[PDB]
Amino acid sequence: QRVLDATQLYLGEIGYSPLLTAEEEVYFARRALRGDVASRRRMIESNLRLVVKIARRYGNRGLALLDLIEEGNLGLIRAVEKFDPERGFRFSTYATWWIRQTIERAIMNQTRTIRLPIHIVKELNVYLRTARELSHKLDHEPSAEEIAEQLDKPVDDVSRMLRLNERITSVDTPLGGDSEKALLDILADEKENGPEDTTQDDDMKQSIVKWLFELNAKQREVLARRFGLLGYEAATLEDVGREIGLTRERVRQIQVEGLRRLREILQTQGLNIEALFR
Amino acid sequence: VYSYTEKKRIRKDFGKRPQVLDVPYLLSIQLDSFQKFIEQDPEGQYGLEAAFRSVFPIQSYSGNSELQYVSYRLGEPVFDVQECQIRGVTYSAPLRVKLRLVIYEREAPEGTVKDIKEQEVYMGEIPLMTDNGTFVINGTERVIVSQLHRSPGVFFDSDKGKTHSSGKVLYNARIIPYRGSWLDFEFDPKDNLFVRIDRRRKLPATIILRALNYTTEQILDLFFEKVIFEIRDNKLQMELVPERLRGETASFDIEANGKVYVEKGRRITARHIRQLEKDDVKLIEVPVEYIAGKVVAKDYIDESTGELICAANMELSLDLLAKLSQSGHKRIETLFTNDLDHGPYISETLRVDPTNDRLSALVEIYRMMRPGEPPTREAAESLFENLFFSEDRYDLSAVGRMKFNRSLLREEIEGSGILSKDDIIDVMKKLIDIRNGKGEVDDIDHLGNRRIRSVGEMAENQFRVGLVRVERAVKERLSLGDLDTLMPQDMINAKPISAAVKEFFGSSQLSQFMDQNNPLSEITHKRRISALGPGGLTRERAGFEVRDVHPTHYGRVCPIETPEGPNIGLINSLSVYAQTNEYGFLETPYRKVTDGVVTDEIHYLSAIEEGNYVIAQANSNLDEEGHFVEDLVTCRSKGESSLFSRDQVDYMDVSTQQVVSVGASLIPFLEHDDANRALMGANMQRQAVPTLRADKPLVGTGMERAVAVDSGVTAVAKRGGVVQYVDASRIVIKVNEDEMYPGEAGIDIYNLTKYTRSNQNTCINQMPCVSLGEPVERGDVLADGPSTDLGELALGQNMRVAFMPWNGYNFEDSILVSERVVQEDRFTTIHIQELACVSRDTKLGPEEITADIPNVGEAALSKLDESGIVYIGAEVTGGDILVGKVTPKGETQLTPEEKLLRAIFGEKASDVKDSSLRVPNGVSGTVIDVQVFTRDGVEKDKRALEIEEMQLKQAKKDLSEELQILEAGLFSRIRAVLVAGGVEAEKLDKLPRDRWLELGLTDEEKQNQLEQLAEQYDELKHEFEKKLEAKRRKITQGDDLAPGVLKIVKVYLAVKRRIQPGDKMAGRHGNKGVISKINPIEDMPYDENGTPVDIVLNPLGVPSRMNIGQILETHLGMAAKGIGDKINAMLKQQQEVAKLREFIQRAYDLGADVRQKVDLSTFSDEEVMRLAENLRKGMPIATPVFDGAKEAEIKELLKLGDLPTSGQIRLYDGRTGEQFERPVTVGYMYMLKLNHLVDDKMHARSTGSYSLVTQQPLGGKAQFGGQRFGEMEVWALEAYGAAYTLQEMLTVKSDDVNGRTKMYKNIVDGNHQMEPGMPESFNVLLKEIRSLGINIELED
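These protein sequences, in sequence, are chains A and B. Under this note's numbering, residue 336 is the last one in the first sequence; the count climbs by one each step, no gaps. Under this note's numbering, residue 2797 is the last one in the second sequence; the count climbs by one each step, no gaps.
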């Protein structure tokens, strides 16, 4: 009766295959590459300990251990898919490339909550390696300017790539140490208007409709279809030229006339440009 | 005799006990711990050398390569504390660790190295502790609070609870190291002894005996003793020790040599033992019933074949006796067992033990600790050895080994830091004896079982935590890959170590902000003894024992200074004189009583050493030789007090202050207050806001001056001398001659701190107290800090008070305040806030800074300059623009109402939105400072160029001032050289200062002292230019901002807050209360001379809260103020300095048997004048804590003035002028002002911003949020018939998203209806329960 966690069961399980010799590996691959599935099963089933050994080094990155092991397993399956015994090489040297690269791409993919692509993460790792080598020369933290100096790249590019290393925080962590205040208590719903701005808009809409019906009909139909306001669509002066009043210049004229009348009507209620626009 | 700071205002002292020890320098703990930490300790004992030589050398995975440590060194900080508080960075220093990577050769186990390479590497950056005990971490100022944790080593706790349903006690040892796995040895209710390791399952404790390679005969042989029997072919005879019959019962006749000692039915008393030791009998006979249950000690094999007749730990049976005899054995070993003295607990536990061999014991520990996975031969014992016997994973301490070997009574106090076999066997034997009765259990609260960790200890622990991860990474780099000739500069990553030490200093539990709104608050934050944090308990599981006070706290920890609340007695404060041991337990001074006299050999006694002797009390009268006045003198021996004879005592206390802390050593008449009100007074005295002009305590304690000096808030002179020049911000001391070192020409320049903010946004500001041309001495105070006055602590302002109930306005704890208080601006504190405005680089583009902001008129843009920042000195208020920040945006797609509006007014749309830093609502201050930071490469505008021009001119003027006034002192000392031996009284004045330091003298040291001051001045000549270019490039460089932010503009408002109804005030005795009416000058009651009293206080708060000390504080305040007004009357008319000397000397004479006899005949008629001008507002009176001022001295003081001896005068009413009946108590209580200011408390929200996930309002007053209507208030509304109020409260005032806009539009359209709907949080709960596999649905 094993203790039932996933890691102990797996690591106890993988030892049930004897490691293969070189001629043994070559013969199993010869049987495997012509379509005998048992040979594939034996080759992948034996070298699992290689995957645990390789993915042992990639620990304490963003992924947990068994995630690294299982992603190395995919590359191992790719490795027996494309192994050649005809080069005479030991299998471990060829599979090490595939397993190491498919755990490296796993850490580049499934770590950041906002998924950065491969080349951005390689470019950021270039800069972090440069900063780690630059910190021993000036015994302080190398700046964005310092990394841009040592690589002779533009300062805005290195600044952007380091700002894409944000380490996106949680919300549910409390603030100030005392466990009473997380970011849900601090953050405000910014897109949703409260009742104040939501009633100002409706009162402004009804006031606009009231002032427009206070204006005469020919002006307000131009000013209604002109902006799509009074149940209309926002039309062009050329469009309402062909639709209502054939002289486009007269449509501009009646628009300016209606705007002047509405300027007077608004300023009679004390709403000037200082009133509506501070 | 007195210093020239004490000839200003000498505070009258009522101390009767002659003091012996000074108050020690109050910040010794923090400074001494960090001095132990960052220090080149030549042996590996303290701090960094200890941590390095602990974890280094790191070797490879036997890869013939080893990384060793050579030496380290610390860098210079690039930013001092002022520049790094401005700049927002830490105040750190880098450690360039010199390392060396060795490569062992192949075929060379301890052969030579082919390749070694020394390379000085960097790692980490340790924040240096400043000169007061504070750090600077990210611009702020943090104080690492010292922690009191349980001392490592053995700990024989009992259980002492029921825990059995029979009430038996079950003793358990516990072995705590500083680092390593724990170990218990608990008893079981069946008297089984059960080990457990790190609180895993209980296994039988003989398993770990077998794991130490002990067979069962040795396991019996350690814990038991032998009873060799005898077979004289029969008779089952017994070799007798007579003391084995202690309490035993003889059911036979114990007979030897045919002589009768004990009989059947006669129990074996000690008289038979006396008969036996008279008769000296070795061998006796016992019947066949005797060896029916004796348990054998060794494996008795057969005599013939060696077959096992009986294995060890087997009871002897009669057939076993016959088989053993017929085999041919004669002598039989067994165990002396007993139910009183030697219980066979190891024997019974050996029976219940399911193990038989050492290897099986190792397998059993492996299947306990790391379960499931099967062990090898090697991995089981490897786990067991790495548990308790490895220098890497087990380390008791030096302290743990000391407490260990002192707890099991060993003569050494040092040894191996890991366990051994005899250590565990001794702990087991002591636990067994503790069961049998011999030996007593300990207690955790006893301060001989509680250490003190500090900044050095915990910082070194964090440094070790960084270095073990660097050891893991170095072992990863070393054995893998190569050998290489690679250098040790890339194998070590700086960021883990920096991450660890910054994670400690930045945000630990104990890395707290300095509560910087007093001097007192700073000191009592630094001298904090908290028991929380790493390795310490929490508030939830802190039982009533560690909250409690102990009989060992006396002299170590204050009993009345702990914050009430959830952590009472976990945040204890250190006593005044309480030192700290070599190991860390709090030791306290005591002066040794010799044969009969109190010799002043002040010995510091720790806790466990205190528990032996017989210590007297500070209130034991001494007959001026040293003997005690009485013949029997009260004292305390072992926790309990007594009344011992006066030759019996062994020590006397040092002073009356040594129990209380520094905070509670400032309450006058402490011993008259109850302990609760003294606790509240001590907790409230460290929240007093430093006012506009701090006054004095008219009733002081004498520790005012020591607390004021011993904090870092004032500017004390370092070398005494004549003041040369005092400005409002700088002081130039010219040093006296003998105290001047001959190299420099000493002119000390003290630059004060002016109007900068605290952590709590108060005005930390230093004003000079001295005048020009005044001689000051060493240690003399030059500039008062905040809340100081002439180098005394003045937290508050002392006011004419009265105790009477006035018309209900001072009902519960409310407080009237006369309007003449706020006319005089006695409590007008200054608050300085800081507002910031970052200009990030958004993806739409950079946020600019300019003063062309859309949709705002000229009425707000008047106050900014053309560069978008406000003017310094501008009187800004609620809502005005400080820094105009335009922010770009795109894809506006305006609604047609705003399109029609902008077409009506002809207004253009604005692609830039407005995110200007405006003032918050309510605060109306005065902009005193604008600090503009810029990322390098960004162009400075006109304002930042102006500020950099100003700062450069200031720094250039600063270096020119230091060079020029240092040149003035230089040629002054050159002239002092040039008046001896080649004196040129006018010829030196003839040729100019080019040749004064090159003038011809005799063949003395002064000729090459002219050349010494000459090369001094040429050194200054190059230093001025080089440091000038240093400061210029340091100013004009870029900044180290965050990634993405271009410029940060900080604008410092300064509000001068008045006092008003709502503001909370307090006395020093827990007489707090929010003031309630600013009464005018006429309505406040007046005595028959015309003076309105300033604060009317409620009397009934006295005799229920029992802080009767404030009545005497009020009376002595009236006494001292009477003396001040008598001197003021003698000074109004110009009387004489002679009669003034007569009166002031008479005021210093009374009362009886006081120290500091001050003889005014040595004052030279200017210091009497200058002393009178300082006393004229009231003669300040020192009343020490438990030395006190007896009331007859107060009565004689009140009779020295013309005051009535009751302290009770006839107040008249304000509004009528009818005299009050029953005349009232008026005097001068020193009232404080706390920062529970009502303008920081008052808040109201109609409709603001709702939270994100659930549409509900936000938190208090910072996001403009609604008050929480919690579930108890819901029960309160349900408890009425109120349903509609509750429904609208949790539906439409709060949560129904479509509901509350309809509620608002119903309100503004004059109809108070509601269309409630369903709260949004319940829809959230619906979708959350349903996002499990739980179809929850609303049905109808």
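Think of the CB as a built atom: it goes at the ideal place given N, C-alpha and C, for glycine as much as any other residue.
Buried versus exposed, by CB contacts within 10 Å (16 or more), residue i
{"i": "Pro232 of chain A", "result": "exposed"}
{"i": "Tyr1482 of chain B", "result": "exposed"}
{"i": "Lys1465 of chain B", "result": "buried"}
{"i": "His2479 of chain B", "result": "exposed"}
{"i": "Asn1595 of chain B", "result": "exposed"}
{"i": "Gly2248 of chain B", "result": "buried"}
{"i": "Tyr2741 of chain B", "result": "exposed"}
{"i": "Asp1710 of chain B", "result": "exposed"}
{"i": "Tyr2198 of chain B", "result": "exposed"}
{"i": "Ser1549 of chain B", "result": "buried"}
Neighbouring residues, chain B, relative to residue i (Cβ below 7 Å)
{"i": "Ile331 of chain A", "result": "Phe2362, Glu2364"}
Proximity winner among the options, relative to residue i (alpha-carbon distances)
{"i": "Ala1916 of chain B", "options": "B:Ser1964, B:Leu2136, B:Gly1532", "result": "B:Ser1964"}
{"i": "residue 1430 of chain B", "options": "B:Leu2734, B:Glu2650, B:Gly2495, B:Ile2538", "result": "Nothing about residue 1430 of chain B can be reported from this structure: the residues present for chain B run from 1458 to 2797 only."}
{"i": "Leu1865 of chain B", "options": "B:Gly1874, B:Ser1873, B:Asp1883, B:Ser1877", "result": "B:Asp1883"}
{"i": "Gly2658 of chain B", "options": "B:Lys2578, B:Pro2641, B:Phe2721, B:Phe1861", "result": "B:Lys2578"}
{"i": "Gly2230 of chain B", "options": "B:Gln2181, B:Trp1639, B:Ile1664, B:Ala2251", "result": "B:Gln2181"}
{"i": "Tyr2687 of chain B", "options": "B:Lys2397, B:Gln1946, B:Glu2424, B:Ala2259", "result": "B:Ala2259"}
{"i": "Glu2472 of chain B", "options": "B:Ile2431, B:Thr2493, B:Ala2487, B:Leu2448", "result": "B:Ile2431"}
{"i": "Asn2312 of chain B", "options": "B:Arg1834, B:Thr2019, B:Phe2362", "result": "B:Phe2362"}
Per DSSP, the bridge partner or partners of residue i
{"i": "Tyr2108 of chain B", "result": "B:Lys2049, B:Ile2072"}
{"i": "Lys2529 of chain B", "result": "B:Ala2523"}
{"i": "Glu1712 of chain B", "result": "B:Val1717"}
{"i": "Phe2390 of chain B", "result": "B:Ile2505"}
{"i": "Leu121 of chain A", "result": "DSSP output for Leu121 of chain A lists no bridge partner at all."}
{"i": "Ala2316 of chain B", "result": "Bridge partners of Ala2316 of chain B: none, in fact."}
{"i": "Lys2095 of chain B", "result": "B:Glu2097"}
Coil, strand or helix - residue i by DSSP
{"i": "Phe1513 of chain B", "result": "coil"}
{"i": "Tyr2061 of chain B", "result": "strand"}
{"i": "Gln1492 of chain B", "result": "helix"}
{"i": "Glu2039 of chain B", "result": "coil"}
{"i": "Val1927 of chain B", "result": "helix"}
{"i": "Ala2172 of chain B", "result": "strand"}
{"i": "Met2197 of chain B", "result": "coil"}
{"i": "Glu2044 of chain B", "result": "coil"}
{"i": "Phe1681 of chain B", "result": "coil"}
{"i": "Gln2591 of chain B", "result": "coil"}
{"i": "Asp259 of chain A", "result": "helix"}
{"i": "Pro1953 of chain B", "result": "helix"}
Listed by chain order, chain A residues near residue i by CB distance under 7 Å
{"i": "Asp2497 of chain B", "result": "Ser201"}
Interface partners of residue i on chain C, CB under 9 Å
{"i": "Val61 of chain A", "result": "Of the protein chains in the structure, A and B, none is chain C."}
Chain A contact residues for residue i, given Cβ-Cβ distances below 8 Å
{"i": "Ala2739 of chain B", "result": "In chain order: nothing, as chain A lies at least about 24 Å away."}
{"i": "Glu2354 of chain B", "result": "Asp259, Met262, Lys263, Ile266, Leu287"}
Under 8 Å by beta carbon: chain B residues contacting residue i
{"i": "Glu250 of chain A", "result": "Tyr2707, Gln2712, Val2754"}
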